[PDB]
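*Asks:* Provided herewith is a single structure, encoded as structure tokens, for subsequent inquiry.
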Amino acid sequence: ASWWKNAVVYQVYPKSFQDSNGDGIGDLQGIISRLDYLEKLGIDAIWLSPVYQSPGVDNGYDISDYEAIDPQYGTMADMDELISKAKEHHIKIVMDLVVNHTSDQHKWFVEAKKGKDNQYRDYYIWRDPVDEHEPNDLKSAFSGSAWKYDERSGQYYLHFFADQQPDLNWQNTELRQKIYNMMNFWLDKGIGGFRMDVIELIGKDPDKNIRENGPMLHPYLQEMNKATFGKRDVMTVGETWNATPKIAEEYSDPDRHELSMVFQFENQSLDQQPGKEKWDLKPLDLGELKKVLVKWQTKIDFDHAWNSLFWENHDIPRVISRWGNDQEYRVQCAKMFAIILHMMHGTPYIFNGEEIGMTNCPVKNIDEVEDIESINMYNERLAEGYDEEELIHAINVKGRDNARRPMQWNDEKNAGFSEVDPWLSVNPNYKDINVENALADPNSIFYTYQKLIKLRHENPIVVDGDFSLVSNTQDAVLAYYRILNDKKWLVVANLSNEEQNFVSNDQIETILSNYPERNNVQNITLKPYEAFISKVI
Ligand SMILES: [Ca+2]
């Protein structure tokens, strides 16, 4: 069985993980210095967000050199040492592959910008104006048009992200091969695989207003697989915001020779108004969350596909703050989310700080925000006459900076992340929420995660068991079996902050709970966020 089926992946956001040299920015030696901790937790691979040379307009996802380490993280020697040291701790390094677009400071674009007959011109996507305006109405994810005018040539170039992230032309065969060759450079270094940034965009065909899920998407990924990682025994996970369960199978079916799995984001729109943006808020309906969770467990054919499982990453807020309670039920709520996900079918991903229940970090004004996405939304909506208080509130609920606050190691200055002012200020709640405190408390969120990881590593039912929904529970209660041959485990979870009834004729032996353990479930009242795992007898 391929190693990643059994694995738990941990995402490190490098700028915010551990400063080791006093500039307020997390770095590679800092990550190296925390490998003992990650081994204690028991994770098998680190997904490392981008550490390549980058002007930082999108905090590293605007890459100016794919094969150089940005000096704010250290050197290639530091990258090699992390790979080697991590391996000694039984941890593989999964690099973030960002090949839909480059920095506008990438040599290819510096060249292409020179003019229509530059050899690199066709590495990007250039179009004449139409009727003295943009070629079409495609929008950037950071507000405004996806088309940026270039004065010297009189053409627009495409960018689905920042102006400074010009989109690469995947129809260009010379460029595809250079990308493959670059991927092989990294693969040859002994990395455990790639997390593939917005990889669903590479079939884009803007002339036909095609963005995600374009015709050439899967043909390109099959070509890519053959040319690069196809025989390598690495994990590839595509970031696919617009994947359905069927599309996820197309990406992950081993007989299609594409990727290992994909990140799907179906649940993200559950708390926004239909037909609008994530900034247009609406309360989450727990029943809808339940349905989405269940859909991805039951409608994926695991004989011909795989599945990733996550709550958090560098682009989305902390799950306990967003959809749960991060105040007096913080510990129970965090444990509930961990339990219900890690007993699901698929490979789990833990975002740095999730394992201690790090929360959102609210701001009072825009000068406390750094992320281009939030700032650009704020400025456009302010100009359009939206209520400024509600804009701040929208950032507090959906802003990506909530995910990017410095990792909280202890109760020292800046939570032990740095001895100087961090690039982005530490969440004031670090005094009570930090790794040192969590390790000292056996009832902490950290030991729940550690235990869930151990259970997965040591029990095939967690890895390969079928998922079967317990029928006819309340909308706010998610309960399900994992079933492997004659063995059957029951997971019962209250998704809500209020008491819920649960009824079952199963006889059980409890394995793990976030409340005192029960010895039956005949007719019970679940406490807020109460969640537990039981062997069914
Ligand atoms: Ca540093």
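Labels used: A, B, ... for chains in the order of the structure tokens, numbers from 1 for residues in each chain, and numbers from 1 for ligands as shown.
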Please identify the residues whose atoms come within 12 Å of ligand 1, using only C-alpha atoms and all ligand atoms, and report them as a PyMOL selection string.

*Replies:* chain A and resi 14-31+70-75+417-423

*Asks:* Could you name the residues that touch residue 366 in chain A at 10 Å or less, counting only C-alpha atoms, but leaving out those on the same chain fewer than 2 positions away, as a PDB file with N, CA, C and O atoms, in the first residue's frame?

*Replies:*
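As a result, around-v7.pdb now contains:
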ATOM      1  N   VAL A 363      -9.173  41.768  14.030  1.00  0.00           N
ATOM      2  CA  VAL A 363      -8.528  43.070  13.945  1.00  0.00           C
ATOM      3  C   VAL A 363      -9.589  44.166  14.153  1.00  0.00           C
ATOM      4  O   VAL A 363     -10.794  43.911  14.070  1.00  0.00           O
ATOM      5  N   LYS A 364      -9.144  45.379  14.436  1.00  0.00           N
ATOM      6  CA  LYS A 364     -10.074  46.499  14.592  1.00  0.00           C
ATOM      7  C   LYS A 364     -10.007  47.420  13.400  1.00  0.00           C
ATOM      8  O   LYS A 364     -10.942  48.176  13.139  1.00  0.00           O
ATOM      9  N   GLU A 368      -4.112  46.748  10.370  1.00  0.00           N
ATOM     10  CA  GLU A 368      -3.654  45.534  11.051  1.00  0.00           C
ATOM     11  C   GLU A 368      -3.622  44.328  10.103  1.00  0.00           C
ATOM     12  O   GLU A 368      -3.249  43.227  10.500  1.00  0.00           O
ATOM     13  N   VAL A 369      -4.023  44.538   8.855  1.00  0.00           N
ATOM     14  CA  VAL A 369      -4.152  43.443   7.892  1.00  0.00           C
ATOM     15  C   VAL A 369      -3.017  43.551   6.892  1.00  0.00           C
ATOM     16  O   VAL A 369      -2.695  44.664   6.477  1.00  0.00           O
ATOM     17  N   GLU A 370      -2.430  42.420   6.478  1.00  0.00           N
ATOM     18  CA  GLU A 370      -1.374  42.448   5.460  1.00  0.00           C
ATOM     19  C   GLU A 370      -1.773  41.806   4.117  1.00  0.00           C
ATOM     20  O   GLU A 370      -1.265  42.191   3.068  1.00  0.00           O
ATOM     21  N   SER A 374      -7.498  40.541   1.369  1.00  0.00           N
ATOM     22  CA  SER A 374      -8.337  41.302   2.306  1.00  0.00           C
ATOM     23  C   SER A 374      -8.293  42.797   2.018  1.00  0.00           C
ATOM     24  O   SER A 374      -9.329  43.478   2.032  1.00  0.00           O
ATOM     25  N   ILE A 375      -7.090  43.306   1.783  1.00  0.00           N
ATOM     26  CA  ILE A 375      -6.897  44.730   1.537  1.00  0.00           C
ATOM     27  C   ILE A 375      -7.625  45.176   0.286  1.00  0.00           C
ATOM     28  O   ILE A 375      -8.304  46.202   0.275  1.00  0.00           O
ATOM     29  N   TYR A 378     -11.327  45.237   0.832  1.00  0.00           N
ATOM     30  CA  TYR A 378     -11.660  46.346   1.699  1.00  0.00           C
ATOM     31  C   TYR A 378     -11.733  47.639   0.901  1.00  0.00           C
ATOM     32  O   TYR A 378     -12.734  48.348   0.948  1.00  0.00           O
ATOM     33  N   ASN A 379     -10.684  47.922   0.136  1.00  0.00           N
ATOM     34  CA  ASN A 379     -10.633  49.151  -0.654  1.00  0.00           C
ATOM     35  C   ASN A 379     -11.726  49.238  -1.712  1.00  0.00           C
ATOM     36  O   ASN A 379     -12.344  50.279  -1.876  1.00  0.00           O
ATOM     37  N   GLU A 388     -18.088  50.050   6.521  1.00  0.00           N
ATOM     38  CA  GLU A 388     -16.717  49.730   6.920  1.00  0.00           C
ATOM     39  C   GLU A 388     -16.615  48.749   8.106  1.00  0.00           C
ATOM     40  O   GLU A 388     -15.684  47.933   8.177  1.00  0.00           O
ATOM     41  N   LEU A 391     -17.033  45.358   6.842  1.00  0.00           N
ATOM     42  CA  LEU A 391     -15.844  44.946   6.087  1.00  0.00           C
ATOM     43  C   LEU A 391     -14.794  44.380   7.021  1.00  0.00           C
ATOM     44  O   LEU A 391     -14.196  43.333   6.750  1.00  0.00           O
ATOM     45  N   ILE A 392     -14.564  45.064   8.135  1.00  0.00           N
ATOM     46  CA  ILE A 392     -13.676  44.536   9.149  1.00  0.00           C
ATOM     47  C   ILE A 392     -14.220  43.225   9.683  1.00  0.00           C
ATOM     48  O   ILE A 392     -13.479  42.284   9.878  1.00  0.00           O
ATOM     49  N   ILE A 395     -13.505  40.454   7.184  1.00  0.00           N
ATOM     50  CA  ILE A 395     -12.122  40.035   7.339  1.00  0.00           C
ATOM     51  C   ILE A 395     -11.909  39.181   8.597  1.00  0.00           C
ATOM     52  O   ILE A 395     -11.164  38.201   8.570  1.00  0.00           O
TER      53      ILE A 395
END

*Asks:* If we count only C-alpha atoms, what is near residue 48 in chain A at a cut-off of 9 Å, once residues fewer than 5 positions away on the same chain are taken out, given as a list in words?

*Replies:* residues 10, 11, 12, 13, 14, 93, 94, 95, 96 and 195 of chain A

*Asks:* Each residue of range 327-443 of chain A lying at most 9 Å from range 271-292 of chain A should get a row with its shortest atom-to-atom pair and the distance in Å to one decimal, counting only C-alpha atoms; could you produce that, ordered by chain and increasing number, as a Markdown table?

*Replies:*
| residue | atom | partner | partner_atom | distance |
| --- | --- | --- | --- | --- |
| A:377 | CA | A:279 | CA | 8.5 |
| A:391 | CA | A:279 | CA | 7.9 |
| A:394 | CA | A:279 | CA | 5.4 |
| A:395 | CA | A:279 | CA | 7.5 |
| A:397 | CA | A:279 | CA | 8.3 |
| A:398 | CA | A:279 | CA | 6.7 |
| A:399 | CA | A:279 | CA | 8.7 |

*Asks:* Check range 192-250 of chain A with DSSP on the backbone and list each residue it calls strand (DSSP E or B), as an MDAnalysis selection string.

*Replies:* chainID A and resid 193:196 205 210 235:239

*Asks:* Residues within 7 Å of residue 200 in chain A, please, as a PDB file with N, CA and C atoms, in the first residue's frame. Count only C-alpha atoms; anything in the same chain fewer than 5 positions from it doesn't count.

*Replies:*
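This is the output file around-v2.pdb:
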ATOM      1  N   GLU A 212     -11.232  27.160 -14.342  1.00  0.00           N
ATOM      2  CA  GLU A 212     -11.121  25.817 -13.788  1.00  0.00           C
ATOM      3  C   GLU A 212     -11.744  24.728 -14.673  1.00  0.00           C
ATOM      4  N   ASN A 213     -11.202  23.516 -14.547  1.00  0.00           N
ATOM      5  CA  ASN A 213     -11.803  22.320 -15.129  1.00  0.00           C
ATOM      6  C   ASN A 213     -11.877  22.356 -16.643  1.00  0.00           C
ATOM      7  N   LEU A 217      -7.032  19.939 -18.981  1.00  0.00           N
ATOM      8  CA  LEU A 217      -6.580  19.742 -17.602  1.00  0.00           C
ATOM      9  C   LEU A 217      -6.044  18.335 -17.349  1.00  0.00           C
ATOM     10  N   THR A 240      -7.863  21.846  -5.454  1.00  0.00           N
ATOM     11  CA  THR A 240      -8.936  21.907  -6.442  1.00  0.00           C
ATOM     12  C   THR A 240     -10.263  22.431  -5.853  1.00  0.00           C
TER      13      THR A 240
END

*Asks:* Between A:171, A:448, A:402, A:494, which one has atoms that come closest to residue 219 in chain A, using only C-alpha atoms?

*Replies:*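 Among A:171, A:448, A:402, A:494, it is A:171 that comes nearest to residue 219 in chain A.
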
*Asks:* May I have the residues within 8 Å of range 314-324 of chain A as an MDAnalysis selection string, using only C-alpha atoms and disregarding those fewer than 5 positions away in the same chain?

*Replies:* chainID A and resid 13 284 330 333:334 337 351 354 357:360 397:404 495:497

*Asks:* Using only C-alpha atoms, which protein or nucleic acid residues come within 7 Å of residue 157 in chain A? Drop anything in the same chain fewer than 4 positions from it, and give the result as JSON, numbers by chain.

*Replies:* {"A": [125, 126, 127, 147, 148, 149, 166]}

*Asks:* Give the helix (DSSP H, G or I) residues of range 239-352 of chain A, as DSSP finds them on the backbone, and put them as an mmCIF file with N, CA and C atoms, in the first residue's frame.

*Replies:*
data_model
loop_
_atom_site.group_PDB
_atom_site.id
_atom_site.type_symbol
_atom_site.label_atom_id
_atom_site.label_comp_id
_atom_site.auth_asym_id
_atom_site.auth_seq_id
_atom_site.Cartn_x
_atom_site.Cartn_y
_atom_site.Cartn_z
ATOM 1 N N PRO A 245 -17.008 15.205 -6.273
ATOM 2 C CA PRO A 245 -16.481 13.866 -6.013
ATOM 3 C C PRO A 245 -16.080 13.124 -7.301
ATOM 4 N N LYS A 246 -16.801 13.347 -8.386
ATOM 5 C CA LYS A 246 -16.481 12.697 -9.651
ATOM 6 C C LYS A 246 -15.169 13.211 -10.232
ATOM 7 N N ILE A 247 -14.958 14.517 -10.125
ATOM 8 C CA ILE A 247 -13.755 15.120 -10.657
ATOM 9 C C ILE A 247 -12.570 14.678 -9.794
ATOM 10 N N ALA A 248 -12.791 14.541 -8.488
ATOM 11 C CA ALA A 248 -11.739 14.071 -7.596
ATOM 12 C C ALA A 248 -11.276 12.669 -8.016
ATOM 13 N N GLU A 249 -12.206 11.820 -8.447
ATOM 14 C CA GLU A 249 -11.834 10.487 -8.931
ATOM 15 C C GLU A 249 -10.999 10.559 -10.195
ATOM 16 N N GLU A 250 -11.360 11.447 -11.108
ATOM 17 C CA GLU A 250 -10.587 11.641 -12.321
ATOM 18 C C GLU A 250 -9.141 12.044 -12.003
ATOM 19 N N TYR A 251 -8.960 12.893 -11.001
ATOM 20 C CA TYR A 251 -7.615 13.247 -10.560
ATOM 21 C C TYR A 251 -6.871 12.112 -9.853
ATOM 22 N N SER A 252 -7.586 11.292 -9.071
ATOM 23 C CA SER A 252 -6.939 10.391 -8.123
ATOM 24 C C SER A 252 -7.032 8.900 -8.447
ATOM 25 N N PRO A 254 -5.875 5.669 -9.492
ATOM 26 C CA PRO A 254 -4.516 5.241 -9.855
ATOM 27 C C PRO A 254 -4.391 4.772 -11.307
ATOM 28 N N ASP A 255 -5.464 4.240 -11.885
ATOM 29 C CA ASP A 255 -5.407 3.788 -13.279
ATOM 30 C C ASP A 255 -5.425 4.954 -14.277
ATOM 31 N N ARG A 256 -5.685 6.179 -13.816
ATOM 32 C CA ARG A 256 -5.604 7.350 -14.703
ATOM 33 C C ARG A 256 -4.199 7.976 -14.717
ATOM 34 N N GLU A 266 -15.727 22.070 -1.038
ATOM 35 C CA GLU A 266 -17.177 22.222 -1.128
ATOM 36 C C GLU A 266 -17.787 22.877 0.104
ATOM 37 N N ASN A 267 -17.300 22.547 1.291
ATOM 38 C CA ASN A 267 -17.897 23.108 2.503
ATOM 39 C C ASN A 267 -17.618 24.607 2.698
ATOM 40 N N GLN A 268 -16.716 25.196 1.908
ATOM 41 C CA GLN A 268 -16.315 26.585 2.175
ATOM 42 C C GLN A 268 -17.413 27.589 1.892
ATOM 43 N N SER A 269 -18.286 27.284 0.943
ATOM 44 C CA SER A 269 -19.340 28.228 0.586
ATOM 45 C C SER A 269 -20.596 28.098 1.473
ATOM 46 N N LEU A 270 -20.594 27.167 2.421
ATOM 47 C CA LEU A 270 -21.748 26.969 3.285
ATOM 48 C C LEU A 270 -22.066 28.161 4.164
ATOM 49 N N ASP A 271 -21.089 29.022 4.417
ATOM 50 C CA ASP A 271 -21.368 30.215 5.209
ATOM 51 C C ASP A 271 -21.207 31.524 4.435
ATOM 52 N N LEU A 286 -25.636 23.479 10.196
ATOM 53 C CA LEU A 286 -24.822 22.305 10.563
ATOM 54 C C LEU A 286 -25.224 21.086 9.770
ATOM 55 N N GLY A 287 -26.512 21.009 9.447
ATOM 56 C CA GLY A 287 -27.048 19.938 8.629
ATOM 57 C C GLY A 287 -26.446 19.935 7.238
ATOM 58 N N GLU A 288 -26.195 21.116 6.687
ATOM 59 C CA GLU A 288 -25.551 21.195 5.390
ATOM 60 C C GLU A 288 -24.082 20.789 5.518
ATOM 61 N N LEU A 289 -23.440 21.136 6.629
ATOM 62 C CA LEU A 289 -22.055 20.717 6.818
ATOM 63 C C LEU A 289 -22.008 19.192 6.870
ATOM 64 N N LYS A 290 -22.881 18.613 7.688
ATOM 65 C CA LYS A 290 -23.016 17.164 7.782
ATOM 66 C C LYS A 290 -23.184 16.487 6.398
ATOM 67 N N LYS A 291 -24.095 17.005 5.586
ATOM 68 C CA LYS A 291 -24.337 16.435 4.273
ATOM 69 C C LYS A 291 -23.092 16.454 3.392
ATOM 70 N N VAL A 292 -22.314 17.530 3.470
ATOM 71 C CA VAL A 292 -21.129 17.641 2.628
ATOM 72 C C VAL A 292 -20.060 16.678 3.110
ATOM 73 N N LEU A 293 -19.900 16.587 4.426
ATOM 74 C CA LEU A 293 -18.970 15.642 5.014
ATOM 75 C C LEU A 293 -19.310 14.230 4.589
ATOM 76 N N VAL A 294 -20.585 13.877 4.693
ATOM 77 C CA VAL A 294 -21.043 12.532 4.370
ATOM 78 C C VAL A 294 -20.895 12.245 2.860
ATOM 79 N N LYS A 295 -21.240 13.224 2.022
ATOM 80 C CA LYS A 295 -21.157 13.049 0.574
ATOM 81 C C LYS A 295 -19.760 12.606 0.167
ATOM 82 N N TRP A 296 -18.742 13.267 0.698
ATOM 83 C CA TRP A 296 -17.381 12.979 0.257
ATOM 84 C C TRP A 296 -16.864 11.655 0.843
ATOM 85 N N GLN A 297 -17.548 11.126 1.845
ATOM 86 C CA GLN A 297 -17.169 9.817 2.382
ATOM 87 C C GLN A 297 -17.822 8.665 1.618
ATOM 88 N N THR A 298 -19.019 8.906 1.105
ATOM 89 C CA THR A 298 -19.828 7.825 0.549
ATOM 90 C C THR A 298 -19.865 7.833 -0.967
ATOM 91 N N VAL A 319 -10.945 26.594 12.229
ATOM 92 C CA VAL A 319 -12.251 25.967 12.104
ATOM 93 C C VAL A 319 -13.112 26.111 13.377
ATOM 94 N N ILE A 320 -12.458 26.081 14.528
ATOM 95 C CA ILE A 320 -13.157 26.204 15.804
ATOM 96 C C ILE A 320 -13.752 27.616 15.970
ATOM 97 N N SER A 321 -13.089 28.629 15.418
ATOM 98 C CA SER A 321 -13.601 30.000 15.467
ATOM 99 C C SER A 321 -14.726 30.193 14.456
ATOM 100 N N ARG A 322 -14.543 29.613 13.279
ATOM 101 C CA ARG A 322 -15.489 29.801 12.180
ATOM 102 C C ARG A 322 -16.803 29.074 12.375
ATOM 103 N N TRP A 323 -16.713 27.804 12.756
ATOM 104 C CA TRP A 323 -17.871 26.916 12.743
ATOM 105 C C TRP A 323 -18.149 26.304 14.108
ATOM 106 N N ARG A 330 -13.727 25.652 23.860
ATOM 107 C CA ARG A 330 -12.666 25.585 22.862
ATOM 108 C C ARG A 330 -12.058 24.173 22.784
ATOM 109 N N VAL A 331 -11.742 23.601 23.938
ATOM 110 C CA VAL A 331 -11.017 22.355 23.997
ATOM 111 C C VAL A 331 -11.884 21.251 23.471
ATOM 112 N N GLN A 332 -13.127 21.223 23.924
ATOM 113 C CA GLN A 332 -14.025 20.174 23.483
ATOM 114 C C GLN A 332 -14.313 20.296 21.993
ATOM 115 N N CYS A 333 -14.537 21.526 21.543
ATOM 116 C CA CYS A 333 -14.876 21.776 20.154
ATOM 117 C C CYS A 333 -13.722 21.358 19.218
ATOM 118 N N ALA A 334 -12.506 21.762 19.551
ATOM 119 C CA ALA A 334 -11.332 21.388 18.764
ATOM 120 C C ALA A 334 -11.205 19.873 18.677
ATOM 121 N N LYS A 335 -11.412 19.189 19.801
ATOM 122 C CA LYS A 335 -11.291 17.742 19.834
ATOM 123 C C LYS A 335 -12.367 17.096 18.975
ATOM 124 N N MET A 336 -13.572 17.662 19.012
ATOM 125 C CA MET A 336 -14.669 17.149 18.200
ATOM 126 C C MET A 336 -14.305 17.193 16.712
ATOM 127 N N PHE A 337 -13.862 18.348 16.228
ATOM 128 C CA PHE A 337 -13.481 18.449 14.819
ATOM 129 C C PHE A 337 -12.346 17.465 14.468
ATOM 130 N N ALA A 338 -11.345 17.337 15.330
ATOM 131 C CA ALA A 338 -10.252 16.390 15.094
ATOM 132 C C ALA A 338 -10.742 14.942 14.984
ATOM 133 N N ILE A 339 -11.589 14.541 15.931
ATOM 134 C CA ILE A 339 -12.103 13.176 16.012
ATOM 135 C C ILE A 339 -12.927 12.790 14.800
ATOM 136 N N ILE A 340 -13.877 13.641 14.412
ATOM 137 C CA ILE A 340 -14.758 13.284 13.311
ATOM 138 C C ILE A 340 -14.015 13.233 11.980
ATOM 139 N N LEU A 341 -12.973 14.037 11.826
ATOM 140 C CA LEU A 341 -12.196 14.016 10.572
ATOM 141 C C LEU A 341 -11.182 12.885 10.492
ATOM 142 N N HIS A 342 -10.475 12.631 11.589
ATOM 143 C CA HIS A 342 -9.370 11.679 11.557
ATOM 144 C C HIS A 342 -9.821 10.223 11.566
#

*Asks:* As an exercise, work out the distance from CA of residue 536 in chain A to CA of residue 443 in chain A in Å and give it to one decimal place.

*Replies:*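 Taking CA of residue 536 in chain A as the start and CA of residue 443 in chain A as the end point, the length is 24.6 Å.
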
*Asks:* What lies within 10 Å of range 532-534 of chain A using only C-alpha atoms, ignoring chain neighbours under 2 positions off, as a compact mmCIF listing (two decimals) with N, CA and C atoms, in the first residue's frame?

*Replies:*
# COMPACT_ATOMS: atom_id res chain seq x y z
N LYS A 335 -11.41 19.19 19.80
CA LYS A 335 -11.29 17.74 19.83
C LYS A 335 -12.37 17.10 18.97
N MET A 336 -13.57 17.66 19.01
CA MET A 336 -14.67 17.15 18.20
C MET A 336 -14.30 17.19 16.71
N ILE A 339 -11.59 14.54 15.93
CA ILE A 339 -12.10 13.18 16.01
C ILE A 339 -12.93 12.79 14.80
N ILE A 340 -13.88 13.64 14.41
CA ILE A 340 -14.76 13.28 13.31
C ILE A 340 -14.01 13.23 11.98
N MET A 343 -11.09 10.00 11.87
CA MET A 343 -11.67 8.67 11.74
C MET A 343 -12.39 8.51 10.41
N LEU A 452 -5.14 10.15 17.85
CA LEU A 452 -5.82 9.89 16.58
C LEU A 452 -4.84 9.45 15.50
N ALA A 479 -22.90 10.73 13.14
CA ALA A 479 -22.45 9.45 13.65
C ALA A 479 -22.29 8.49 12.49
N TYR A 480 -21.25 7.68 12.53
CA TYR A 480 -20.94 6.79 11.42
C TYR A 480 -20.08 5.64 11.86
N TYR A 481 -20.11 4.56 11.07
CA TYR A 481 -19.22 3.43 11.28
C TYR A 481 -18.05 3.44 10.30
N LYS A 488 -15.83 -3.34 13.40
CA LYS A 488 -16.68 -2.19 13.19
C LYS A 488 -16.45 -1.20 14.34
N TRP A 489 -16.10 0.04 13.99
CA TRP A 489 -15.95 1.13 14.95
C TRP A 489 -17.05 2.15 14.69
N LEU A 490 -17.56 2.73 15.78
CA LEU A 490 -18.61 3.74 15.73
C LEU A 490 -18.05 5.06 16.21
N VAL A 491 -18.28 6.11 15.42
CA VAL A 491 -17.93 7.47 15.81
C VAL A 491 -19.21 8.23 16.01
N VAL A 492 -19.33 8.92 17.14
CA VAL A 492 -20.51 9.74 17.44
C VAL A 492 -20.04 11.15 17.79
N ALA A 493 -20.62 12.14 17.11
CA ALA A 493 -20.22 13.53 17.30
C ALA A 493 -21.38 14.51 17.31
N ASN A 494 -21.38 15.37 18.32
CA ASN A 494 -22.23 16.56 18.37
C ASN A 494 -21.51 17.74 17.70
N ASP A 506 -26.33 -0.45 19.46
CA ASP A 506 -24.98 -0.99 19.49
C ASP A 506 -24.48 -1.12 20.90
N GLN A 507 -23.76 -2.20 21.17
CA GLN A 507 -23.03 -2.32 22.42
C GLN A 507 -21.62 -1.89 22.09
N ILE A 508 -21.02 -1.11 22.97
CA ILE A 508 -19.78 -0.44 22.61
C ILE A 508 -18.74 -0.55 23.69
N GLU A 509 -17.49 -0.45 23.27
CA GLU A 509 -16.39 -0.18 24.18
C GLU A 509 -15.70 1.09 23.70
N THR A 510 -15.70 2.14 24.51
CA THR A 510 -15.14 3.40 24.09
C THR A 510 -13.61 3.40 24.07
N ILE A 511 -13.06 3.97 22.99
CA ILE A 511 -11.62 4.09 22.75
C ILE A 511 -11.10 5.48 23.06
N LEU A 512 -11.91 6.49 22.80
CA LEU A 512 -11.43 7.86 22.92
C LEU A 512 -12.63 8.77 22.98
N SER A 513 -12.58 9.75 23.88
CA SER A 513 -13.64 10.76 23.95
C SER A 513 -13.10 12.09 24.43
N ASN A 514 -13.84 13.16 24.14
CA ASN A 514 -13.50 14.47 24.69
C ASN A 514 -14.30 14.79 25.95
N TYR A 515 -15.10 13.82 26.39
CA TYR A 515 -15.78 13.89 27.68
C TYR A 515 -15.55 12.56 28.42
N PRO A 516 -16.05 12.44 29.66
CA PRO A 516 -15.87 11.13 30.30
C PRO A 516 -16.49 10.00 29.47
N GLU A 517 -15.80 8.87 29.41
CA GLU A 517 -16.18 7.77 28.54
C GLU A 517 -17.50 7.11 28.92
N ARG A 518 -18.26 6.74 27.90
CA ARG A 518 -19.54 6.08 28.07
C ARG A 518 -19.39 4.60 27.79
N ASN A 519 -20.29 3.81 28.37
CA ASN A 519 -20.30 2.36 28.17
C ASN A 519 -21.59 1.92 27.49
N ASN A 520 -22.43 2.88 27.12
CA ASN A 520 -23.55 2.56 26.26
C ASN A 520 -24.10 3.83 25.64
N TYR A 529 -20.53 19.67 21.73
CA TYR A 529 -19.35 19.18 21.03
C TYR A 529 -18.86 17.80 21.48
N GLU A 530 -19.70 17.06 22.19
CA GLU A 530 -19.25 15.77 22.67
C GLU A 530 -19.00 14.83 21.49
N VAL A 536 -17.48 -1.46 18.22
CA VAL A 536 -18.82 -2.02 18.30
C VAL A 536 -18.69 -3.52 18.55
N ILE A 537 -19.40 -3.99 19.58
CA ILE A 537 -19.29 -5.37 20.05
C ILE A 537 -20.37 -6.25 19.43

*Asks:* Measure the distance from CA of residue 313 in chain A to CA of residue 124 in chain A in Å and round it to one decimal.

*Replies:* 28.8 Å

*Asks:* Counting only C-alpha atoms, figure out which residue out of A:371, A:36, A:210, A:180 gets nearest to residue 57 in chain A.

*Replies:*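 Closest to residue 57 in chain A of all the choices is A:371.
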
*Asks:* Please indicate the distance in Å from CA of residue 425 in chain A to CA of residue 440 in chain A, rounded to one decimal place.

*Replies:*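 Interatomic distance, CA of residue 425 in chain A to CA of residue 440 in chain A: 25.2 Å.
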